[PDB]
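> pasting the first chains of the complex, positions unchanged:
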Amino acid sequence: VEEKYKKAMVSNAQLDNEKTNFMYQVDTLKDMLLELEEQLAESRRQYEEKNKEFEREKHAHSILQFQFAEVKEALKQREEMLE
């Protein structure tokens, strides 16, 4: 039937166009997904590299606290010995 087949290929156009829109949609989201992955990986590097600096510092700093508390004591004992 002319009219049944008409509506059908008219529907075929409706669908095929709705489909490519959803297609263009998922790909758009897919891109965003990977874009964010890139950013997240960037961010993880930063944190890691800072944390590494912060450790080197906290370590070095901790070595001094030791030597200082050691020399502070000796100093106190030279002032003690004379009085």
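That came through fine. Residues are numbered from 1 along each chain as shown, chains lettered A, B, ... in the order given.
> show me where chain A has helices.
A:2-82 (DSSP state H).
> Tell me which residues of stretch A:21-37 come out buried.
Of the residues in stretch A:21-37, none has enough neighbours to count as buried (16 or more other C-beta atoms under 10 Å). (C-beta placed from N, C-alpha, C; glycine too.)
> Actually, stretch A:49-64.
For stretch A:49-64, the neighbour count (16+ other C-beta under 10 Å) marks no residue as buried.
> what comes into contact with that stretch?
Counting contacts by C-beta atoms under 8 Å, 6 or more residues apart in numbering, no residue outside stretch A:49-64 touches it.
> Pull it out as CSV, backbone CA atoms only.
What follows is stretch A:49-64 as a C-alpha-only set of coordinates in CSV (Å, rounded to 0.1, in the frame of the first residue of the first chain):
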residue,chain,number,x,y,z
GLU,A,49,55.5,15.2,42.6
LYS,A,50,54.5,17.6,45.4
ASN,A,51,54.1,14.9,47.9
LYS,A,52,57.7,13.8,46.9
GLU,A,53,59.0,17.3,47.5
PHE,A,54,57.1,17.5,50.8
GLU,A,55,58.7,14.3,51.9
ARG,A,56,62.2,15.3,51.0
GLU,A,57,61.6,18.4,53.1
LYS,A,58,59.9,16.7,56.1
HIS,A,59,62.9,14.3,56.1
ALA,A,60,65.6,16.9,55.9
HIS,A,61,63.8,19.0,58.5
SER,A,62,63.5,16.0,60.8
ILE,A,63,67.3,15.4,60.6
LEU,A,64,67.9,19.0,61.9
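> okay, now chain B:
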Amino acid sequence: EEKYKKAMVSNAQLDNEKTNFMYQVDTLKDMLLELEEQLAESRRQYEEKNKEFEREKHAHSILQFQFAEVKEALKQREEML
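Time to bring in chain B:
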């Protein structure tokens, strides 16, 4: 009225393809939300460390000066012995 069979088959196909894309949109949307959550956290974690590292460096300087003074104040009482 003979290809009308195949127009309907092509139609049901397309409809279904549309549905599968729909589900994809949904789950991608979820993933994305979960992701900026993570990204944001990471960025926040960085910001606290950078602060933490500035604090450390700063304290580490203060000490370095104190040590330098107390080690030179000690040399003048061990060169005396």
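> Re-run the earlier check on the contacts of stretch A:49-64 with chain B in the model.
For stretch A:49-64, contacts defined as C-beta atoms under 8 Å, 6 or more residues apart in numbering or on different chains pick out B:46, B:49, B:50, B:52, B:53, B:56, B:57, B:59, B:60, B:63, B:64, B:67.
> and if you look at stretch A:7-27?
Stretch A:7-27 is contacted from outside by B:4, B:7-8, B:10-11, B:14-15, B:17-18, B:21-22, B:24-25, B:28, using C-beta under 8 Å, 6+ apart.
> want to try CSV for these, with neighbour count as columns?
Putting these into CSV (neighbours: other C-beta atoms under 10 Å in any protein chain shown) gives the following:
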residue, neighbour count
B:4, 15
B:7, 17
B:8, 15
B:10, 17
B:11, 17
B:14, 18
B:15, 14
B:17, 16
B:18, 17
B:21, 20
B:22, 12
B:24, 17
B:25, 14
B:28, 18
